[PDB]
Structure formats: structure tokens, C-alpha cells
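*Asks:* Please read through the structure below; I'll follow up with questions.
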Amino acid sequence: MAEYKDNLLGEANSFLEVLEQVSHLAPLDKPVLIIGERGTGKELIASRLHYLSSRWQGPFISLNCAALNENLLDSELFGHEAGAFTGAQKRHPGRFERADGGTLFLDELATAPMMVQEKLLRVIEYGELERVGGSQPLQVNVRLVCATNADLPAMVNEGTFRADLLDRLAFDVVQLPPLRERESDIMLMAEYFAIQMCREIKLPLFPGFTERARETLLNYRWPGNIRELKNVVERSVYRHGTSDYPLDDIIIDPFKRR
DNA sequence: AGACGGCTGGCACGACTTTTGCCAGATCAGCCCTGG
Ligand SMILES: Nc1ncnc2c1ncn2[C@@H]1O[C@H](COP(=O)(O)OP(=O)(O)O)[C@@H](O)[C@H]1O
């Protein structure tokens, strides 16, 4: 509900439309898909969805679907009421349940193994997750929001990703425009990144931007995303020096031998 | 008198019991120090 303090810096007149779209999704409990490319700041949008929802007071755990162990999947997702030691007074909590009352964020959906895919598909459709041991089903209420950069229709075509959980979890998608599509906010991000760098390196003052530098970073196909642009500025501002002259040289990729 | 049947015990082979040998840590509550 309360707008958390985050950097979205939106002026592209397309990012504003995406922001309105996600704001419309803020109250609803329906599953949400975030579609983007490398970088693109999808995590900020996901945090925006969770943190402007009715259940925002709830927790906001975010699991890395690539990071879950294969064998330990069941206990990791559910937990075991039995303690680690004899006569234990408590148990470890699984990924699920630890999310109840709030949203669960999923990332790298495409690279999730088939074991994760099939185990996660069963739990969402019905809930009633049961920890290993005992016969007591616990009912859960968790919002799911996920972000990915690969092409899950192609993943379905190859069959390396099950289409059923996709269909269940594809109520609505939000499209994120690439930085090259935005092509208007580059000045403001460049400047904000440079100002942050000024304090990080403890440089005294920002020198300024030359027209040649503006032309070169503007006239770029930008396969890299906002973070690639961020790193670019980071490299050039440091290589420039102590701001006695305006910033003049931009190195697009630090790989050319020279 | 010799062979046949019978009785008993040692040894062996699964199947199941029972005997010992493991060696802390995290977590919570009250008191003391310190900031408002
Ligand atoms: N609007 C924005 N404001 C501030 N930073 C941004 C914005 N968009 C992108 N970024 C930067 O780009 C990065 C994208 O990270 P992330 O969303 O994790 O990429 P991916 O979704 O591919 O994993 C973030 O670390 C963030 O610092």
C-alpha cells in the first residue's frame, strides 16, 4: 500500500504505461508474469507489485529457482515439523508457508529443473501442502508473481518446460520495453548513475557531459540493458579522472585490445 | 557275525534379537551499561 522508496526514474512515456498497468494489478490476487530481457529492472517492478498490494504487510521472500537443491527439494519447499535433533522444540520452515500472508517472487523460471516444475505445479493448484511426516494438510494463501527473460513458448515447443504450469500461471503478463525502445531516459539515468559514482569513488564534483559523449552513447544499438548502461558510465567516469575537465571519452566495451 | 535302522551330537546357515557406543548446540531471560 505505502509506495516503498525505490528508483524507477520513469520518463520514457512507455515505462509510464507499464507502471500504470502494474499499478492496476497491485490489488488483485491473480498470478502475474513479468516478461523482459537481460537486466531491465524487473526486480523493481516485482517489488512494486508486492509492496503496493493489500498483503504488503506480509513477508516478501524471493526464492531463486536455480538455487534449490535437487534431492532436498521436498523439505526445502515444505519443511519438516520434526526437529533436527531429538526432543527439538522447533522445526525448520519450508519456502512455502514462510510466504503465507504475502507474495512469493520466483525468478529464472525457465531454468527451473523438471523436478521443481512438477513439484511446484501440484502445490499451487490445490494448496494443502503437507510437511514430510504426519498426515495433517495445511491450507495456504500465497500470491505468485514471476519474472523471466527466456522464451517459454519455445521452451514448451522443445518440451524442456511443462506447458501446464505455464498455462495455470499465465493469467496475465506485463511487457517491459528495452532501454533502446525507451531511448529518452538515457540522460537522466546517466546523470543519476554518475552522481552515485561521485560519492562511491569520493570524487569531489561531476565535471559534465560532452556532446561527443552524448552522441556516442545515444547512437548505440544497446543490446545491453540498463545495468550494461550503468556499468558503461561507471567505467568512463573513473577512467576520466578528477573532473578538472568535462567528461569526454566513453568506452563502450572494455575488451578491445588497443 | 554283518548289515540295516535309529539315536544323538557337532557344525553350519539364514533369520532375527540385543547391546553398546555415541559426546552440543542454539535459544531465552535477567542484569548491567548507556542513550534519550
Ligand atoms: N528504473 C530503474 N531505476 C534504477 N535502476 C534500474 C532501473 N531499471 C534497471 N535498473 C538497474 O538494472 C538492474 C536490473 O537488475 P535485474 O532486474 O535483476 O535484472 P534481471 O531481471 O535480468 O535479473 C538493477 O540492478 C538496477 O540497478
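Lettering and numbering for the C-alpha cells are positional, with chains as A, B, ... in the shown order, residues counted from 1 in each chain, and ligands counted from 1 in the shown order.
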Once DSSP has gone over the backbone, tell me which residues of segment 81-240 of chain A are in alpha helix (DSSP H), as a PyMOL selection string.
*Replies:* chain A and resi 114-126+152-158+163-168+179-182+186-201+211-218+226-240
*Asks:* Could you give me the residues within 10 Å of ligand 1, counting only C-alpha atoms (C1' of nucleotides) and all ligand atoms, as a PyMOL selection string?
*Replies:* chain A and resi 6-11+15+34-46+107-108+147-149+178-179+185+189+192-193+225-231
*Asks:* Calculated over only C-alpha atoms (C1' of nucleotides), which of the candidates B:14, B:25, B:30, B:2 has the smallest distance to chain A?
*Replies:*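 Answer, going by the shortest atom-to-atom distance: B:25.
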*Asks:* Give me, please, the distance in Å between atom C1' of residue 20 of chain B and atom CA of residue 133 of chain A, quoted to one decimal.
*Replies:*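 Rounded to one decimal, the two atoms are 29.4 Å apart.
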*Asks:* One decimal, Å: what's the distance from atom CA of residue 95 of chain A over to atom CA of residue 76 of chain A, could you say?
*Replies:* 6.1 Å
*Asks:* Provide the atom CA of residue 154 of chain A to atom CA of residue 168 of chain A distance in Å, to one decimal place.
*Replies:*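 Those two atoms sit 17.2 Å apart.
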*Asks:* Given a cut-off of 12 Å, which residues of chain A touch chain B, counting only C-alpha atoms (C1' of nucleotides), written out as number ranges by chain?
*Replies:* A: 84-86, 88-90
*Asks:* Quick one: everything within 7 Å of residue 32 of chain A, counting only C-alpha atoms (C1' of nucleotides), minus sequence neighbours fewer than 6 positions away in the same chain. Send it as a ChimeraX atom specification.
*Replies:* /A:144-146,170-173
*Asks:* Mind checking which residues fall within 6 Å of segment 207-212 of chain A, counting only C-alpha atoms (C1' of nucleotides), ignoring those fewer than 4 positions away in the same chain, and posting them as a ChimeraX atom specification?
*Replies:* /A:243,246-248
*Asks:* Output N, CA and C atoms for every residue in that selection, as a short mmCIF file (atom, residue, chain, number, x, y, z; two decimals), in the first residue's frame.
*Replies:*
```cif
data_model
loop_
_atom_site.label_atom_id
_atom_site.label_comp_id
_atom_site.auth_asym_id
_atom_site.auth_seq_id
_atom_site.Cartn_x
_atom_site.Cartn_y
_atom_site.Cartn_z
N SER A 243 37.79 15.25 -12.69
CA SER A 243 36.79 16.23 -13.09
C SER A 243 37.35 17.63 -13.30
N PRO A 246 35.62 18.59 -18.56
CA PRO A 246 34.37 17.84 -18.78
C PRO A 246 34.65 16.45 -19.33
N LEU A 247 33.78 15.50 -18.97
CA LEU A 247 33.94 14.12 -19.41
C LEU A 247 33.81 14.03 -20.92
N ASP A 248 34.77 13.35 -21.55
CA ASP A 248 34.89 13.36 -23.00
C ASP A 248 34.89 11.98 -23.63
#
```
*Asks:* Hey, what's within 7 Å of segment 70-75 of chain A if we count only C-alpha atoms (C1' of nucleotides) and toss same-chain stuff fewer than 4 positions away? As a list in words, please?
*Replies:*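 The neighbour list is residues 79, 80, 94 and 132 of chain A.
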*Asks:* What would the file look like if the residues just selected were written as a PDB file, in the first residue's frame with N, CA and C atoms?
*Replies:*
```
ATOM      1  N   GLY A  79       9.210 -28.173   4.432  1.00  0.00           N
ATOM      2  CA  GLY A  79       9.688 -28.230   5.796  1.00  0.00           C
ATOM      3  C   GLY A  79       9.345 -29.558   6.454  1.00  0.00           C
ATOM      4  N   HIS A  80       9.888 -29.754   7.651  1.00  0.00           N
ATOM      5  CA  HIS A  80       9.581 -30.922   8.468  1.00  0.00           C
ATOM      6  C   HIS A  80       9.322 -30.475   9.900  1.00  0.00           C
ATOM      7  N   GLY A  94       9.729 -24.375   5.544  1.00  0.00           N
ATOM      8  CA  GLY A  94       9.964 -24.547   4.097  1.00  0.00           C
ATOM      9  C   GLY A  94       9.790 -23.231   3.362  1.00  0.00           C
ATOM     10  N   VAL A 132       6.861 -33.318   5.364  1.00  0.00           N
ATOM     11  CA  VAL A 132       7.225 -34.728   5.423  1.00  0.00           C
ATOM     12  C   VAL A 132       6.984 -35.246   6.832  1.00  0.00           C
TER      13      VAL A 132
END
```
*Asks:* If we count only C-alpha atoms (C1' of nucleotides), what is near residue 125 of chain A at a cut-off of 12 Å, once residues fewer than 3 positions away on the same chain are taken out, given as JSON, numbers by chain?
*Replies:* {"A": [31, 118, 119, 120, 121, 122, 128, 129, 139, 140, 141, 142, 144, 164, 165, 166, 167, 168, 169]}
*Asks:* Those residues you just picked out, can you put them in a file as an mmCIF file, in the first residue's frame with N, CA, C and O atoms?
*Replies:*
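Result file follows (selection33.cif):
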```cif
data_model
loop_
_atom_site.group_PDB
_atom_site.id
_atom_site.type_symbol
_atom_site.label_atom_id
_atom_site.label_comp_id
_atom_site.auth_asym_id
_atom_site.auth_seq_id
_atom_site.Cartn_x
_atom_site.Cartn_y
_atom_site.Cartn_z
ATOM 1 N N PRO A 31 -2.395 -14.592 -10.437
ATOM 2 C CA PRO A 31 -0.987 -14.786 -10.803
ATOM 3 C C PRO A 31 -0.549 -13.810 -11.885
ATOM 4 O O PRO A 31 -1.314 -13.469 -12.789
ATOM 5 N N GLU A 118 7.474 -29.956 -11.717
ATOM 6 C CA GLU A 118 6.383 -30.864 -11.381
ATOM 7 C C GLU A 118 5.989 -30.746 -9.915
ATOM 8 O O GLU A 118 4.805 -30.864 -9.578
ATOM 9 N N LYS A 119 6.958 -30.515 -9.024
ATOM 10 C CA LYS A 119 6.624 -30.359 -7.613
ATOM 11 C C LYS A 119 5.850 -29.071 -7.368
ATOM 12 O O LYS A 119 4.910 -29.045 -6.565
ATOM 13 N N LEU A 120 6.230 -27.989 -8.050
ATOM 14 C CA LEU A 120 5.564 -26.708 -7.856
ATOM 15 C C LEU A 120 4.182 -26.705 -8.493
ATOM 16 O O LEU A 120 3.261 -26.061 -7.980
ATOM 17 N N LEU A 121 4.017 -27.411 -9.614
ATOM 18 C CA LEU A 121 2.716 -27.429 -10.276
ATOM 19 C C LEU A 121 1.641 -28.009 -9.363
ATOM 20 O O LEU A 121 0.533 -27.470 -9.276
ATOM 21 N N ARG A 122 1.955 -29.103 -8.667
ATOM 22 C CA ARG A 122 0.954 -29.767 -7.840
ATOM 23 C C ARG A 122 0.531 -28.901 -6.660
ATOM 24 O O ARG A 122 -0.649 -28.879 -6.291
ATOM 25 N N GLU A 128 -2.938 -27.089 0.259
ATOM 26 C CA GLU A 128 -2.977 -28.216 1.195
ATOM 27 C C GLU A 128 -1.618 -28.905 1.297
ATOM 28 O O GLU A 128 -1.522 -30.133 1.301
ATOM 29 N N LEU A 129 -0.556 -28.107 1.372
ATOM 30 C CA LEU A 129 0.780 -28.674 1.474
ATOM 31 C C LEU A 129 0.953 -29.382 2.812
ATOM 32 O O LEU A 129 0.480 -28.915 3.851
ATOM 33 N N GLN A 139 -3.563 -25.575 4.821
ATOM 34 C CA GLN A 139 -4.042 -24.767 3.709
ATOM 35 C C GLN A 139 -3.302 -23.435 3.731
ATOM 36 O O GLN A 139 -3.118 -22.841 4.799
ATOM 37 N N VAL A 140 -2.875 -22.973 2.557
ATOM 38 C CA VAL A 140 -2.031 -21.792 2.433
ATOM 39 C C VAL A 140 -2.692 -20.799 1.488
ATOM 40 O O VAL A 140 -3.517 -21.177 0.648
ATOM 41 N N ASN A 141 -2.337 -19.523 1.637
ATOM 42 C CA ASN A 141 -2.856 -18.443 0.798
ATOM 43 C C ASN A 141 -1.675 -17.558 0.408
ATOM 44 O O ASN A 141 -1.244 -16.692 1.171
ATOM 45 N N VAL A 142 -1.153 -17.775 -0.797
ATOM 46 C CA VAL A 142 0.073 -17.132 -1.257
ATOM 47 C C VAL A 142 -0.161 -16.567 -2.654
ATOM 48 O O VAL A 142 -0.754 -17.233 -3.511
ATOM 49 N N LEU A 144 1.437 -15.393 -6.199
ATOM 50 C CA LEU A 144 2.602 -15.718 -7.013
ATOM 51 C C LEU A 144 2.818 -14.637 -8.066
ATOM 52 O O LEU A 144 1.889 -14.279 -8.798
ATOM 53 N N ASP A 164 1.752 -26.989 -18.785
ATOM 54 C CA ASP A 164 0.572 -26.958 -17.926
ATOM 55 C C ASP A 164 0.709 -25.920 -16.819
ATOM 56 O O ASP A 164 -0.200 -25.109 -16.603
ATOM 57 N N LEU A 165 1.838 -25.929 -16.105
ATOM 58 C CA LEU A 165 2.034 -24.942 -15.047
ATOM 59 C C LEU A 165 2.134 -23.542 -15.635
ATOM 60 O O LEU A 165 1.687 -22.570 -15.018
ATOM 61 N N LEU A 166 2.715 -23.422 -16.830
ATOM 62 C CA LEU A 166 2.684 -22.146 -17.534
ATOM 63 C C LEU A 166 1.253 -21.663 -17.721
ATOM 64 O O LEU A 166 0.919 -20.533 -17.348
ATOM 65 N N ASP A 167 0.391 -22.516 -18.274
ATOM 66 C CA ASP A 167 -0.982 -22.114 -18.557
ATOM 67 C C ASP A 167 -1.709 -21.735 -17.275
ATOM 68 O O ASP A 167 -2.475 -20.765 -17.244
ATOM 69 N N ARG A 168 -1.475 -22.491 -16.202
ATOM 70 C CA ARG A 168 -2.087 -22.149 -14.922
ATOM 71 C C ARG A 168 -1.557 -20.823 -14.389
ATOM 72 O O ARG A 168 -2.284 -20.077 -13.722
ATOM 73 N N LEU A 169 -0.296 -20.508 -14.675
ATOM 74 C CA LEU A 169 0.388 -19.354 -14.088
ATOM 75 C C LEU A 169 0.568 -18.214 -15.088
ATOM 76 O O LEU A 169 1.412 -17.332 -14.909
#
```
